[PDB]
Structure formats: structure tokens, C-alpha cells
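Proteins come first, then strands; the chains are lettered A, B, ... in the order of their sequence lines, and each starts at number 1.
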Amino acid sequence: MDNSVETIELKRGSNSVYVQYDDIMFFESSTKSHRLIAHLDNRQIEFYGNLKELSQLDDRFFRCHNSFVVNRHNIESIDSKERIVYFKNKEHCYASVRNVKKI
DNA sequence: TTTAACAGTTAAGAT
DNA sequence: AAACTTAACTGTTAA
Ligand SMILES: [Mg+2]
Ligand SMILES: [Mg+2]
């Protein structure tokens, strides 16, 4: 078990992958029902979970949109006009009108 | 500056 | 592991 760095267990059936919090740029809802996609530095992991629970895990995980939970540690910049959040790995996600200012 | 109506869309709670 | 339901979202628009 990785005890020295905060980690989240992402499950796939009886398989588990432990991912360090700051490996994660953001989570988004999957096109697949009841699944989410964790966007890591250079990998994506699809798993069963809910965005609400993830946002409750840690102050750094913020619900910036109904469909997205961002890791504040990995935000590089925000285009506030278009409400696009940019991450250190060059990915982006969207923030909602009601949540963008609270990031 | 603020809140929210509107109407379409979606996250998440039996088999 | 992977259909049906509806509260609560969404951006636009207005006040
Ligand atoms: Mg890292
Ligand atoms: Mg949080």
C-alpha cells in the first residue's frame, strides 16, 4: 500500500489500480452509464463511481460543473470567458456558469 | 452587482 | 457487472 502519498482506489471488476491524487487532472462523466473517466497525466481510467463522492474526498477535488470534478493542484490556467479549465498536461475541461468563479 | 424563469439535459438512485 | 426514473443540473435571457 502507498501510504506516503494520498491515493484513490479505482476498481475494475475485482481488479484495482491505486492512483495518487495529483496524478489526476480531472474526472468526467463517461458516455457509459454510471461510469467516470479519471484523466491522469498521460492515461485515462474508466471506473464505476460518482462525482459527488469524489468531490467530498478532498478539498482539492472541486465540482466545477455537473459533469466534471477538477483537481485544483493540477490546474494551470482558466479561460474564464469561455469557462474552460486548462491542466498542466494540456488537457482541458469545462466549468459551469454557476461554479466557475468558485474554482 | 444580484437572483432566477425557462426548457432541455444529465448524474446517479431494479434486475 | 451493466433500463427506468427524476431532482437538479445546464446556458441563455431577463429583470
Ligand atoms: Mg505527478
Ligand atoms: Mg472537494
Side-chain angles (χ1 to χ4, degrees):
Chain A
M1 203 62 66
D2 177 3
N3 296 301
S4 61
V5 182
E6 296 189 76
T7 64
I8 182 170
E9 182 183 1
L10 306 180
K11 301 168 173 176
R12 293 192 56 108
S14 54
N15 306 143
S16 293
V17 60
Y18 282 88
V19 180
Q20 295 181 352
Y21 280 12
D22 287 356
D23 288 341
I24 303 168
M25 307 297 114
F26 65 97
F27 301 95
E28 64 172 347
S29 56
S30 180
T31 57
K32 305 185 179 76
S33 180
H34 290 262
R35 280 144 284 188
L36 303 175
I37 307 174
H39 288 249
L40 279 61
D41 302 282
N42 302 301
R43 310 274 190 270
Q44 291 176 198
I45 299 173
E46 187 175 55
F47 66 101
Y48 288 89
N50 67 93
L51 296 169
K52 177 69 175 152
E53 184 275 333
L54 293 173
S55 71
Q56 292 170 336
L57 256 182
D58 194 278
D59 289 348
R60 80 189 76 178
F61 293 128
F62 175 71
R63 191 73 169 275
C64 67
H65 188 282
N66 197 36
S67 304
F68 300 98
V69 166
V70 299
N71 182 346
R72 286 167 159 151
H73 285 195
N74 284 324
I75 295 176
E76 182 171 275
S77 63
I78 298 157
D79 183 339
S80 65
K81 185 182 183 76
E82 305 311 323
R83 304 186 315 279
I84 300 170
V85 186
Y86 290 93
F87 298 89
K88 70 178 195 166
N89 77 339
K90 309 295 198 197
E91 291 193 279
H92 67 270
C93 73
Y94 300 83
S96 65
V97 170
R98 297 166 177 79
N99 303 357
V100 61
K101 292 184 182 179
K102 295 164 184 178
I103 295 167

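Panel note: side chain A/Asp79, backbone A/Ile84; no donor-acceptor pair is recorded below 3.5 Å. A distance-only check finds a donor-acceptor pair linking the side chain of A/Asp2 to the backbone of A/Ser4 [under 3.5 Å]. Put simply, the side chain of A/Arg72 gets close to the backbone of A/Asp59: a donor and an acceptor are under 3.5 Å apart.
Ring centroids of A/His39 and A/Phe26 are separated by less than 6.0 Å, placing the two rings close together.
Here A/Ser96 reaches the OP1 or OP2 of C/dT10: one of its side-chain N or O atoms lies under 4.0 Å away. An OP1 or OP2 oxygen of B/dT10 is reached within less than 4.0 angstrom by no side-chain nitrogen or oxygen of A/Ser67.
A 3.5 Å limit on both hydrogen-bonding distances identifies no Watson-Crick or G-U partner for C/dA3. Pair check for B/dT1 finds none; no Watson-Crick or G-U wobble contact set falls under 3.5 Å.
Note: CG (A/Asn50) to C1' (B/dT10) measures 14 Å, nearest angstrom. In this structure, A/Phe47 atom CZ and B/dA12 atom P are separated by 10 Å, rounded to whole Å. As a whole-Å value, the separation of A/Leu36 CG from C/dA1 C1' is 15 Å. Summarising the geometry, the separation between CG on A/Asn99 and P on C/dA8 is reported as 15 Å, rounded to the nearest angstrom. Rounded to an integer number of Å, the gap from CG of A/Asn66 to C1' of C/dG11 is 13 Å. Atom CG of A/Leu51 and atom P of C/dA7 are 20 Å apart (whole Å). Straight-line distance from the CZ atom of A/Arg63 to the P atom of C/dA8: 12 Å, rounded to whole Å. In this structure, the NZ atom of A/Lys32 is 17 Å from the P atom of B/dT10, given to the nearest Å.
Within the 4.0 angstrom heavy-atom criterion, no nucleotide atom of any strand lies near A/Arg12. Residue-level contact check: A/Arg35 touches the backbone only, with heavy atoms under 4.0 Å from sugar-phosphate atoms and none from bases.
Looking at the side chain of A/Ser29, the nearest of the listed nucleotides C/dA2, B/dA11, C/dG11 is B/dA11.
South is the pucker assigned to the sugar of C/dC4, its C1'-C2'-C3'-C4' torsion being negative. From the dihedral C1'-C2'-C3'-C4', which is positive here, one reads the pucker of C/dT10 as north, toward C3'-endo.
Classified by interplanar angle (parallel below 30°, tilted 30° to 60°, perpendicular above 60°), the ring pair A/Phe27/A/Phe47 is perpendicular.
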